[PDB]
Amino acid sequence: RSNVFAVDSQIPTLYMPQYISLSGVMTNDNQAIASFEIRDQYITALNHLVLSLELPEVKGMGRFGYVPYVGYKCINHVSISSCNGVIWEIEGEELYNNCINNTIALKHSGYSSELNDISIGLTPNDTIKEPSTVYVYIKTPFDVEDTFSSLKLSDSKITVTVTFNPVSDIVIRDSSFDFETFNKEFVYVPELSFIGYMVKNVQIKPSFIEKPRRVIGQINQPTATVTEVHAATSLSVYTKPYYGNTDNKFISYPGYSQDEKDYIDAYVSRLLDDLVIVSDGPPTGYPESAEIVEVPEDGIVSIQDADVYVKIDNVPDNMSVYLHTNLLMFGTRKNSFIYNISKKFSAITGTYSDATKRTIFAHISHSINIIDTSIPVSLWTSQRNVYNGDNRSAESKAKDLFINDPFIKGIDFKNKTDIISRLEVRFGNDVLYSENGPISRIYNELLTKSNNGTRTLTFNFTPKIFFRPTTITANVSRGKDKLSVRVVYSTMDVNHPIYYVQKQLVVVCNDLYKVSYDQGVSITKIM
Amino acid sequence: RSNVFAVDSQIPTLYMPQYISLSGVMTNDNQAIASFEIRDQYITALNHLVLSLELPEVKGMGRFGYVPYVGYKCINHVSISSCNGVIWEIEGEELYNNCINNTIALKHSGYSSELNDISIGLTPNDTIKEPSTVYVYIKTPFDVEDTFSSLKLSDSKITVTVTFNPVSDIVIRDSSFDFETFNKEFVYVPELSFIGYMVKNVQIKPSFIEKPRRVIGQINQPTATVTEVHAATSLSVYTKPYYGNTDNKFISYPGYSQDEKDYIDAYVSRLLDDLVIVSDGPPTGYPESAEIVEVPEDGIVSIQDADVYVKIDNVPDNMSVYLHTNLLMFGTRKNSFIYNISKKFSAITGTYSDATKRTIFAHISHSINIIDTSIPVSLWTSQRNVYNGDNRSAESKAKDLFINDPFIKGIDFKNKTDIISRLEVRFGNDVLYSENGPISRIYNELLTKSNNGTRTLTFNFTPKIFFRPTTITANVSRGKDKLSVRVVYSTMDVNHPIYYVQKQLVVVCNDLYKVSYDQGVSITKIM
Amino acid sequence: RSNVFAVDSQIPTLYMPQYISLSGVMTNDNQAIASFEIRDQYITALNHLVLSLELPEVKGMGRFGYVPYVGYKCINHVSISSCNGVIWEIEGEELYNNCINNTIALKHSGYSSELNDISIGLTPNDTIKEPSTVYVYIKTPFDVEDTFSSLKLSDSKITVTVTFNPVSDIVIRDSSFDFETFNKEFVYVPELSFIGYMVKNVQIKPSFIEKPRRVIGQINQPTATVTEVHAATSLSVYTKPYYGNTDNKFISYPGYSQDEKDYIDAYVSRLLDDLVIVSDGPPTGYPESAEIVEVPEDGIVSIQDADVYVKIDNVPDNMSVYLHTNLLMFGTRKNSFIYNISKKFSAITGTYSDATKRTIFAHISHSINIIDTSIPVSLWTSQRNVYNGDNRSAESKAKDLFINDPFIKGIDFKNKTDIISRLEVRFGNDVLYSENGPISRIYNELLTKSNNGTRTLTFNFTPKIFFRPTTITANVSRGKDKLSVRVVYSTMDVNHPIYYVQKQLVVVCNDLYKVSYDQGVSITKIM
Amino acid sequence: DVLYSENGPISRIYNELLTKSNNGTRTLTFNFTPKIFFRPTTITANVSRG
């Protein structure tokens with residue numbers, strides 16, 4: 001019988017851990033580049049990289065806030081290298097995707113109302129944000145098994161390089177705020193920490209490491225090819241919107257609240273102040289193409305086939321209730337189908353307030369989805385719209401927000417709508433895999449316990465670190481050495497504005513590399 | 001010293017994983033049975049069964065919604081068989097209990113506002129729900145250690161059989177919905193996927209598997225016995241309500257919001273429309289047994305010992321405020337204690353709406369608990385009641401909902417009230433265990449890290465897969481080969497309607513089987 | 001090649017677990033002490049201690065609730081000892097910190113609206129709380145690897161001793177509650193349970209155990225020394241507020257709701273009913289020092305540099321709106337900077353209610369931080385304040401709560417403000433560690449996956465149980481055998497009241513002990 | 001296993017070219033061997049592999 005009540009406890013190697021902190025050198029196209037140098041004869045290994053960033057005090061007029069997880073969203077590229085070349089690198093989007101299921105790391109990255117609320121400054125000496133520090137946990141392959149997976153420095157010099165994105169990407173601002181001045185005065189101040197182990201008489205053996213490599217297809221192509229595939233552990237596909245032909249303007253953003261219903265509530269709340277207007281006589285200050293109609297005594301307004309129920313309480317006798325009936329409208333020919341945002345409301349009730357001279361809306365019933373809130377403002381006034389398009393007031397136009405969030409997936413902020421209806425992977429000339437439903441994403445989420453998985457073929461099911469991972473292997477003799485991905489996008493109605501958002505296909509392939517310690521640290525591609 | 005800075009990496013078995021999808025054969029009281037045939041000599045192993053279901057478009061009038069986790073709630077029975085007989089099978093209730101701590105799984109099964117809101121249709125060709133797909137993760141014993149525990153096929157054919165519940169179980173509807181037509185045109189459309197491993201030169205060894213078996217006691221009996229118990233790893237006990245002598249109709253259901261406070265707010269908001277009435281003179285349209293009392297000027301109405309504070313703002317000059325003082329009442333003798341739902345309110349404030357002719361309630365103080373929310377409507381009008389019992393309007397009665405949720409435990413929807421006061425397990429003639437408080441449920445939740453455990457005796461604490469599980473073993477010489485459970489139910493007040501809900505005792509015993517691979521897969525019960 | 005599709009199942013030791021419940025002997029400055037004797041020749045080992053407590057019915061008038069996690073907040077000290085002396089013991093604060101990442105355990109220890117809502121009784125016979133039972137999971141070092149790490153009883157008698165905190169610690173009450181009567185008749189009723197193992201032919205070997213050891217520095221000293229350090233696994237530093245120079249009264253507590261926003265909204269809710277008063281003529285019932293100013297028809301009141309926007313709806317024509325402009329004020333010299341709570345508000349909007357003769361508030365704009373919610377009432381009226389101080393009504397003064405919660409950290413209830421600005425740890429005369437930012441807290445939270453970590457130096461990274469833990473070892477020959485800690489407190493403004501809250505420095509040292517089984521259970525100190 | 005997949009009517013273009021017809025259908029042709037004088041070539045089942 002095997003003993004389940006006792007173990008012979010082994011004695012480990014004698015070591016001593018230490019928290020180490022280094023400051024960096026900043027250098028300046030004109031992208032920020034920080035270089036850190038780790039040189040110490042007594043540091044045998046390291047892992048658990050942490051980057052700290054000091055955010056400066058922000059003053060002036062306008063509305064200003066930071067994007068969620070700013071610390072992660074700032075990193076464009078990371079590089080650990082030695083005398084023999086690059087040991088490991090990753091793009092910002094692969095790092096964020098790997099850290100998406102670690103909620104404590106996301107909390108330390110910067111997720112609070114003090115940072116992420118859209119604050120207002122009313123005077124040139126107002127303080128919008130107090131100074132604070134954020135901490136980015138750079139999750140690496142070196143963390144899986146604690147001491148077992150640490151990076152061994154075979155007495156060589158290791159240098160770490162962090163490339164930052166430009167500061168316009170991580171800031172959410174409107175047009176009143178003086179961005180060119182904030183951009184002229186902003187500087188990144190980084191610091192790097194890691195755990196070092198001082199080990200007596202270490203005996204190092206070689207190990208394996210995976211380096212992600214991504215390829216971005218051309219605009220609107222339903223294809224993308226990954227070349228030079230010799231040992232891949234997985235393959236993942238998703239789409240990114242490209243907003244370069246726009247001004248990057250969006251109507252609203254909810255800030256710290258991140259539920260889908262929070263996004264929808266923020267959109268409805270921004271429109272309601274322009275939808276129902278209480279005024280003396282026909283309302284003024286809107287473009288002439290707006291057809292605004294007074295509500296009859298029975299309280300029902302019919303817009304073609306749609307019925308809107310409008311009941312406002314405590315309205316003074318010398319005032320009326322008006323309804324904007326074509327707030328946003330899109331069409332391609334003058335008497336065909338119309339996408340009309342005001343037809344998506346069915347009941348609107350509320351109470352007017354005579355103290356503040358505005359209407360406080362109560363319960364709303366609507367069918368608004370995330371896509372309407374995710375349509376960029378410039379698509380409403382494009383040259384292909386045969387109607388005017390935007391009949392909002394100028395005061396409301398001044399509340400629009402520039403958003404250059406770099407890690408948006410799908411065609412909405414939450415990646416909820418699935419626009420890939422069929423996927424086909426080809427290895428050489430033969431069909432490796434095809435699917436009609438998102439069954440490979442269901443499998444990815446079950447296997448990794450994540451809420452935001454992607455379409456992933458996983459080829460490795462072997463326990464980490466203690467075994468050589470299993471791979472799909474090229475057969476150059478038979479021509480199998482490239483992975484072609486081809487999708488068919490879902491069909492949408494040409495009168496919905498989202499048909500004209502441009503899309504890109506992103507393929508990610510994890511290659512397997514061999515780490516060796518013959519005269520310094522070196523890596524070798526496995527073939 | 002043991003090295004904690006290096007590992008000799010093992011080369012694993014050479015293999016290739018593959019996603020496979022099958023379509024099934026459908027067969028047809030007249031419950032649907034689907035059977036899928038898996039035949040391929042190169043699929044050596046499988047695990048991670050996922051079942052997909054197509055839900056159709058729903059048209060017509062009435063109120064309609066799906067139960068939460070509809071994909072799981074649809075499965076009545078699953079069987080996996082080969083040429084030698086049944087390998088494994090489970091009831092839908094045991095499957096749901098095994099999957100109740102997997103939040104990712106429950107999310108994929110279909111839990112969202114678009115499926116689970118109670119939607120209203122107004123016109124015969126209105127679309128209530130769009131078509132959508134749900135995914136049911138059939139958790140099996142083969143998933144514990146990934147590749148280690150997978151089901152080995154020894155060149156034999158494998159068959160999977162899924163029996164579905166009738167569609168009345170998964171729909172929450174009112175009386176206006178045309179159920180015989182929906183039930184006549186609804187069909188289940190299933191598809192099965194799994195991960196297959198192609199293994200070169202596989203070396204199979206025998207394993208161990210746990211097969212659940214359930215026994216149902218008679219109505220209202222406090223006993224149950226499992227015969228032929230030779231090697232059990234655990235023993236579970238819980239209660240189910242039996243609504244078969246009723247029409248299964250209830251007053252409210254909260255839908256997507258699933259907190260206890262949400263159940264109470266939904267129930268209170270269903271009652272409030274009938275509780276405080278603003279009328280011109282005594283309100284009409286109510287049964288004669290209603291006791292409607294005008295509220296005095298100081299705002300206090302006394303119902304015997306209870307005081308109700310009623311303050312309503314902006315009431316027009318030609319109107320008064322009335323209070324229904326016996327909305328629901330139940331009693332067994334004409335001068336004993338009375339259960340009265342009107343006495344559970346203490347303060348009622350709100351404001352009147354001139355535009356919509358209704359009250360918008362603002363702040364309520366009450367002591368309503370979950371049991372009032374879980375009392376079926378038909379118990380109020382039972383022949384035991386010496387009072388009329390139900391004094392709601394007919395318009396209120398027409399909005400009631402049919403609910404046939406099959407996996408409800410306890411006597412309330414959340415299994416919160418513990419109605420088992422004492423438990424006694426007998427092995428042969430000796431008292432194995434007995435308890436008063438729910439200390440064994442506390443242990444079950446600590447040991448499995450679940451929020452919804454049951455009273456469970458666990459006999460096995462050895463790490464899974466790598467050891468033969470520990471069991472309680474029969475002593476046939478002494479005659480100890482059956483487990484009889486006896487409970488004592490907690491006493492309730494004879495004037496509470498919940499005392500007359502009928503209960504069933506359910507006992508679940510996990511037996512141990514030996515899997516062997518001498519010419520195909522076979523199981524043998526251990527003696 | 002290693003087989004990853006099969007394994008040889010080891011037969012474990014033959015055993016039989018059993019749930020065992022014991023009753024205690026209560027004994028009695030006047031702190032309750034419960035002693036339990038475990039003596040039965042057939043129990044070989046135990047773990048998983050659970051303590052149950054019956055809380056009695058509470059009757060009378062006044063406001064009364066329980067602190068969150070009553071069961072854990074009640075325990076002052078735990079000791080397990082045999083005839084040879086103490087085997088293990090821990091203080092209540094270290095136990096709570098060890099179990100703070102276990103949400104299941106916190107849920108069983110008592111966290112619900114039934115217990116934690118602040119209830120009101122109106123007559124001397126009103127029942128405030130129903131009797132209920134709470135469960136305290138006493139997490140031990142014997143739980144890491146289940147059966148592998150369980151405490152073996154080598155035929156000796158084991159005694160468990162629970163020392164209770166006085167009932168004043170776990171109760172939140174106002175002044176109208178009869179505390180001395182409740183305290184005279186309250187009685188702790190404990191019962192202990194554990195899981196025993198009947199083992200045939202057990203084979204016992206010595207193991208390793210860690211005993212936390214606490215040291216508390218003097219009041220307001222920035223230093224603290226830990227003597228007799230020969231093998232420490234970690235070192236922790238934090239601060240506790242000391243309220244001994246006050247009466248322990250606070251303005252608000254949110255009860256069941258535990259978000260930081262909930263703390264703030266409860267504080268604002270208590271202030272707003274006194275901030276804006278609707279009255280016919282100058283409001284009465286305030287101290288002579290109050291400067292109450294009428295709000296002009298324009299709606300803007302200017303208070304020095306601050307501008308307050310006040311808009312109240314539905315105010316009757318014969319009444320006016322007044323604003324309390326110095327509700328709480330603190331200063332140390334007569335014409336310098338002033339901390340004024342009225343200037344922390346910028347916009348106040350709401351609607352008047354003619355039924356309840358009070359204001360229902362709508363949108364509020366404020367800058368209240370958790371420190372304002374965490375200032376004791378005694379500090380506003382201290383002898384160093386050169387102003388009167390508290391111009392609130394006596395009706396508002398009667399709703400303050402006594403709170404003696406024993407495990408508060410930081411200087412606010414949520415441990416959000418970081419008041420330690422620099423930390424230096426000395427080992428002998430050499431600096432072992434120094435830091436400016438909270439990098440050691442970031443590492444503690446990443447490594448333990450908690451949200452309430454402390455500043456911790458960790459020295460052990462080897463897998464538990466199977467390896468002997470790694471320690472920092474004393475060199476008494478060179479004199480390095482003590483751990484000194486020195487902090488510098490962050491500078492605060494001399495006109496903020498929090499500058500005068502007294503602080504204590506807490507150091508926690510985890511000492512390593514060896515457990516041996518040569519004739520009974522014994523421990524030795526590692527040197 | 002996927003034997004064949006196509007997005008455009010390339011198998012119908014091939015059918016029409018190979019049989020000189022104006023009204024072909026989507027056809028996988030497995031036999032290209034002269035008629036009658038040879039045993040035609042076929043795609044053959046492998047019941048062992050399903």
# chains A, B, ... in the order shown; residues from 1 in each chain; ligands from 1

$ select_by_dssp --residues "chain D" --states "helix (DSSP H, G or I)" --output "list in words"
residues 10, 11, 12, 13, 14, 15, 16, 17, 18, 19, 47, 48 and 49 of chain D

$ residues_around --residues "residue 14 (chain D)" --least-positions-apart "3" --cutoff "10 Å" --atoms "only C-alpha atoms" --output "PyMOL selection string"
chain D and resi 9-11+17-20+24-29

$ residues_around --residues "residue 68 (chain C)" --least-positions-apart "5" --cutoff "7 Å" --atoms "only C-alpha atoms" --output "ChimeraX atom specification"
/C:110-111,116

$ write_last_selection --atoms "N, CA and C atoms" --output "short mmCIF file (atom, residue, chain, number, x, y, z; two decimals), in the first residue's frame"
data_model
loop_
_atom_site.label_atom_id
_atom_site.label_comp_id
_atom_site.auth_asym_id
_atom_site.auth_seq_id
_atom_site.Cartn_x
_atom_site.Cartn_y
_atom_site.Cartn_z
N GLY C 110 -21.34 34.51 8.20
CA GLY C 110 -22.36 35.47 8.53
C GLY C 110 -22.30 36.75 7.73
N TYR C 111 -22.87 36.73 6.54
CA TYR C 111 -22.89 37.92 5.69
C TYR C 111 -24.22 37.90 4.92
N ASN C 116 -26.95 41.88 8.94
CA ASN C 116 -26.15 43.09 8.88
C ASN C 116 -26.95 44.34 8.57
#

$ residues_around --residues "residue 125 (chain A)" --least-positions-apart "6" --cutoff "9 Å" --atoms "only C-alpha atoms" --output "VMD selection string"
chain A and resid 59 to 61

$ write_last_selection --atoms "N, CA and C atoms" --output "PDB file, in the first residue's frame"
ATOM      1  N   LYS A  59      -4.178  69.648 -15.872  1.00  0.00           N
ATOM      2  CA  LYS A  59      -4.920  70.876 -15.613  1.00  0.00           C
ATOM      3  C   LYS A  59      -5.508  71.434 -16.899  1.00  0.00           C
ATOM      4  N   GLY A  60      -6.556  72.236 -16.744  1.00  0.00           N
ATOM      5  CA  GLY A  60      -7.136  73.009 -17.819  1.00  0.00           C
ATOM      6  C   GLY A  60      -8.617  72.763 -17.973  1.00  0.00           C
ATOM      7  N   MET A  61      -9.159  73.262 -19.078  1.00  0.00           N
ATOM      8  CA  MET A  61     -10.569  73.152 -19.417  1.00  0.00           C
ATOM      9  C   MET A  61     -10.861  71.848 -20.147  1.00  0.00           C
TER      10      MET A  61
END

$ closest_atom_pairs --of "chain A" --to "chain D" --cutoff "9 Å" --atoms "only C-alpha atoms" --output "tab-separated table"
residue	atom	partner	partner_atom	distance
A:430	CA	D:2	CA	8.8
A:431	CA	D:2	CA	6.8
A:432	CA	D:2	CA	8.6
A:433	CA	D:2	CA	8.6
A:434	CA	D:2	CA	8.6
